[PDB]
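What follows is one structure encoded as structure tokens, with my remarks underneath.
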Amino acid sequence: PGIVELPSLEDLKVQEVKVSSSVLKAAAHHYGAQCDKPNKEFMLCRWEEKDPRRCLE
Amino acid sequence: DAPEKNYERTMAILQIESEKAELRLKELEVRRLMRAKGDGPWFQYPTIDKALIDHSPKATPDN
């Protein structure tokens, strides 16, 4: 069959959130209060495209 | 009975039986084609009802 199409390693470069899980869980309620709109754009794009290659931006 | 009665009654008998014979040969041909191709109302062995499929957003998106 066909060839799978993957993004380059340059397209997977981003400044990661290099904190621990207790740092995230401590900040999680204000993170859900404040970072609402890009998170829900991403999860809508993620449940609609059903493909993590269409959701990288 | 008259020869008229026996004659025309024989013609009615021969019509009915020739028509039943043609319908039997057509019934065999219809059965052969419907078992071979599978596009008639017969030999419709069941598949899975697609009303059973859940179309909700699941726990993970990739599905």
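Ordering of the structure tokens sets the chain letters (A, B, ...); residue numbers start at 1 within each chain; ligands are numbered from 1 in the order shown.
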Discussion item. With 7 Å as the limit and counting only C-alpha atoms, what residues in chain A lie close to chain B? Please list them as a list in words.
Written reply: residues 46, 47, 50 and 51 of chain A
Take the selection from the previous step and output its residues with N, CA and C atoms, as a compact mmCIF listing (two decimals), in the first residue's frame.
# COMPACT_ATOMS: atom_id res chain seq x y z
N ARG A 46 -8.40 17.59 17.67
CA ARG A 46 -7.87 16.27 17.91
C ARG A 46 -8.97 15.21 17.83
N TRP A 47 -10.17 15.51 18.34
CA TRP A 47 -11.30 14.61 18.16
C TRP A 47 -11.98 14.74 16.81
N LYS A 50 -8.92 13.28 14.06
CA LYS A 50 -8.57 11.91 14.45
C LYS A 50 -7.19 11.51 13.96
N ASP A 51 -6.28 12.48 13.94
CA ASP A 51 -4.96 12.36 13.36
C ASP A 51 -4.07 13.37 14.06
Worksheet entry | Residue set, chain B restricted to helix (DSSP H, G or I), as a PyMOL selection string | chain B and resi 3-37+50-52
Residue subset to file, keeping N, CA, C and O atoms, as a compact mmCIF listing (two decimals), in the first residue's frame:
# COMPACT_ATOMS: atom_id res chain seq x y z
N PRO B 3 -65.98 -34.97 -28.05
CA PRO B 3 -64.59 -34.70 -28.44
C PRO B 3 -64.22 -33.23 -28.32
O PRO B 3 -63.04 -32.93 -28.12
N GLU B 4 -65.20 -32.33 -28.46
CA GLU B 4 -64.96 -30.91 -28.22
C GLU B 4 -64.54 -30.66 -26.78
O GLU B 4 -63.56 -29.95 -26.53
N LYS B 5 -65.29 -31.23 -25.83
CA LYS B 5 -65.02 -31.03 -24.42
C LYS B 5 -63.67 -31.60 -24.02
O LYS B 5 -62.86 -30.92 -23.38
N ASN B 6 -63.40 -32.84 -24.44
CA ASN B 6 -62.13 -33.49 -24.14
C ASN B 6 -60.97 -32.76 -24.80
O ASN B 6 -59.92 -32.58 -24.18
N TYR B 7 -61.19 -32.26 -26.01
CA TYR B 7 -60.14 -31.58 -26.77
C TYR B 7 -59.76 -30.25 -26.14
O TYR B 7 -58.58 -30.00 -25.86
N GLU B 8 -60.74 -29.40 -25.88
CA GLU B 8 -60.45 -28.08 -25.35
C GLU B 8 -60.06 -28.13 -23.88
O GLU B 8 -59.25 -27.31 -23.42
N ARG B 9 -60.57 -29.12 -23.14
CA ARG B 9 -60.10 -29.36 -21.78
C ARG B 9 -58.65 -29.83 -21.77
O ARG B 9 -57.88 -29.43 -20.90
N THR B 10 -58.27 -30.67 -22.74
CA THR B 10 -56.88 -31.07 -22.88
C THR B 10 -55.99 -29.87 -23.19
O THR B 10 -54.88 -29.76 -22.68
N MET B 11 -56.50 -28.93 -24.00
CA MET B 11 -55.73 -27.73 -24.30
C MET B 11 -55.53 -26.85 -23.07
O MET B 11 -54.44 -26.31 -22.86
N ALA B 12 -56.56 -26.74 -22.23
CA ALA B 12 -56.42 -26.00 -20.98
C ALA B 12 -55.43 -26.67 -20.03
O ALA B 12 -54.61 -26.00 -19.40
N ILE B 13 -55.50 -28.01 -19.94
CA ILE B 13 -54.56 -28.78 -19.12
C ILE B 13 -53.13 -28.59 -19.60
O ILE B 13 -52.22 -28.35 -18.79
N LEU B 14 -52.91 -28.67 -20.91
CA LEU B 14 -51.57 -28.51 -21.46
C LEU B 14 -51.05 -27.10 -21.27
O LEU B 14 -49.85 -26.93 -21.04
N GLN B 15 -51.93 -26.10 -21.32
CA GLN B 15 -51.48 -24.73 -21.06
C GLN B 15 -51.03 -24.57 -19.62
O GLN B 15 -49.95 -24.01 -19.37
N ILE B 16 -51.84 -25.05 -18.67
CA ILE B 16 -51.52 -24.90 -17.25
C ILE B 16 -50.23 -25.64 -16.90
O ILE B 16 -49.36 -25.11 -16.20
N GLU B 17 -50.05 -26.84 -17.45
CA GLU B 17 -48.87 -27.62 -17.10
C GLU B 17 -47.62 -27.12 -17.80
O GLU B 17 -46.53 -27.16 -17.20
N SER B 18 -47.73 -26.61 -19.03
CA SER B 18 -46.57 -26.00 -19.69
C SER B 18 -46.15 -24.72 -18.99
O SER B 18 -44.95 -24.43 -18.88
N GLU B 19 -47.12 -23.95 -18.49
CA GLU B 19 -46.78 -22.74 -17.75
C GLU B 19 -46.13 -23.06 -16.42
O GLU B 19 -45.17 -22.38 -16.02
N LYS B 20 -46.60 -24.10 -15.72
CA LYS B 20 -45.93 -24.51 -14.49
C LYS B 20 -44.53 -25.02 -14.76
O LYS B 20 -43.62 -24.77 -13.97
N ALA B 21 -44.32 -25.70 -15.89
CA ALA B 21 -42.99 -26.20 -16.20
C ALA B 21 -42.02 -25.07 -16.53
O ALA B 21 -40.85 -25.09 -16.11
N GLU B 22 -42.50 -24.05 -17.25
CA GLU B 22 -41.65 -22.89 -17.54
C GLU B 22 -41.34 -22.11 -16.27
O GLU B 22 -40.21 -21.63 -16.10
N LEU B 23 -42.30 -22.02 -15.36
CA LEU B 23 -42.04 -21.36 -14.09
C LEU B 23 -41.09 -22.16 -13.20
O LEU B 23 -40.32 -21.57 -12.45
N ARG B 24 -41.09 -23.49 -13.31
CA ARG B 24 -40.13 -24.27 -12.54
C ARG B 24 -38.71 -24.10 -13.07
O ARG B 24 -37.75 -24.01 -12.29
N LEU B 25 -38.56 -24.05 -14.40
CA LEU B 25 -37.24 -23.83 -14.96
C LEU B 25 -36.72 -22.43 -14.65
O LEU B 25 -35.54 -22.25 -14.33
N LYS B 26 -37.61 -21.43 -14.68
CA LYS B 26 -37.22 -20.09 -14.28
C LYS B 26 -36.89 -20.01 -12.79
O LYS B 26 -36.01 -19.25 -12.40
N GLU B 27 -37.59 -20.79 -11.96
CA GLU B 27 -37.32 -20.80 -10.53
C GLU B 27 -35.94 -21.38 -10.24
O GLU B 27 -35.20 -20.84 -9.40
N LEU B 28 -35.57 -22.44 -10.96
CA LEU B 28 -34.21 -22.98 -10.86
C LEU B 28 -33.16 -21.98 -11.32
O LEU B 28 -32.11 -21.84 -10.68
N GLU B 29 -33.43 -21.26 -12.41
CA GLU B 29 -32.45 -20.30 -12.91
C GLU B 29 -32.29 -19.11 -11.97
O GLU B 29 -31.17 -18.62 -11.76
N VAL B 30 -33.40 -18.64 -11.40
CA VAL B 30 -33.37 -17.56 -10.41
C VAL B 30 -32.60 -17.99 -9.16
O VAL B 30 -31.79 -17.22 -8.64
N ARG B 31 -32.83 -19.22 -8.68
CA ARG B 31 -32.09 -19.71 -7.52
C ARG B 31 -30.60 -19.81 -7.80
O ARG B 31 -29.78 -19.48 -6.94
N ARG B 32 -30.23 -20.26 -9.01
CA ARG B 32 -28.82 -20.38 -9.35
C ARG B 32 -28.15 -19.02 -9.42
O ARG B 32 -27.05 -18.84 -8.87
N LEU B 33 -28.81 -18.04 -10.03
CA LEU B 33 -28.24 -16.70 -10.12
C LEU B 33 -28.18 -16.01 -8.77
O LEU B 33 -27.22 -15.30 -8.48
N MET B 34 -29.19 -16.20 -7.92
CA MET B 34 -29.18 -15.55 -6.62
C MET B 34 -28.22 -16.20 -5.64
O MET B 34 -27.75 -15.53 -4.72
N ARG B 35 -27.94 -17.49 -5.78
CA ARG B 35 -26.89 -18.07 -4.95
C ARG B 35 -25.51 -17.70 -5.48
O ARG B 35 -24.58 -17.50 -4.68
N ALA B 36 -25.35 -17.57 -6.80
CA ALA B 36 -24.05 -17.23 -7.36
C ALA B 36 -23.67 -15.79 -7.07
O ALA B 36 -22.56 -15.51 -6.61
N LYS B 37 -24.58 -14.85 -7.33
CA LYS B 37 -24.26 -13.43 -7.24
C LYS B 37 -24.61 -12.82 -5.90
O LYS B 37 -23.88 -11.94 -5.43
N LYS B 50 -25.43 -2.11 11.68
CA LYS B 50 -24.64 -0.93 11.98
C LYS B 50 -25.34 0.04 12.92
O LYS B 50 -24.78 1.10 13.23
N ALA B 51 -26.54 -0.29 13.39
CA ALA B 51 -27.17 0.48 14.46
C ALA B 51 -26.56 0.19 15.82
O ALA B 51 -26.78 0.95 16.76
N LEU B 52 -25.79 -0.89 15.94
CA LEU B 52 -25.12 -1.21 17.19
C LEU B 52 -23.90 -0.34 17.44
O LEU B 52 -23.45 -0.25 18.58
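Taking CA of residue 7 in chain A and CA of residue 40 in chain A as endpoints, the distance between them is 22.9 Å.
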Worksheet entry | Separation of CA of residue 12 in chain A from CA of residue 56 in chain A in Å |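 So the answer is 7.8 Å.
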